[PDB]
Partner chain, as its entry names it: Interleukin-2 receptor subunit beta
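Next up is one chain by itself, shown in structure tokens, the form deposited without the partner chain.
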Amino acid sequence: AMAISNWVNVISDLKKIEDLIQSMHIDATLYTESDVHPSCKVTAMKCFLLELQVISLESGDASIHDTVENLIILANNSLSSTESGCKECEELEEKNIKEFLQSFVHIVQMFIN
């Protein structure tokens, strides 16, 4: 069977989340690394993943939680198969959900081969 990278499925879960939240009113601001240096990418990916969970929690929605759960399962998988002096997540700029998810796609493109 064809091996398809987990990050592809991560990208389409992000798109799914974008569509699902359009009907809702999530107004959280989230730590967002808009320009990830390659040298800190795993640190940054971990922040994105943590902050996606806030979107999930605040949603109170089954489909969103299920999509988020599937996304982070997929991500942790890939990340299984040391960066020093990277910013903590709380050092990042906070942005709205739309910019957050756009930047999440951007980092995911870095992990695709």
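Residue numbers count along the first chain shown, from 1.
Missing here is the form deposited with the partner chain bound; even so, the following discussion is about that form.
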Would you check, heavy atoms only and a 4.5 Å threshold, whether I64 touches the partner chain in the entry with it bound?
no
Is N96 close to the partner chain in the entry with it bound, meaning a heavy atom pair under 4.5 Å apart or at it?
no
Sequence-ordered residues of 48-62 touching the partner chain in the entry with it bound, heavy atom within 4.5 Å
none
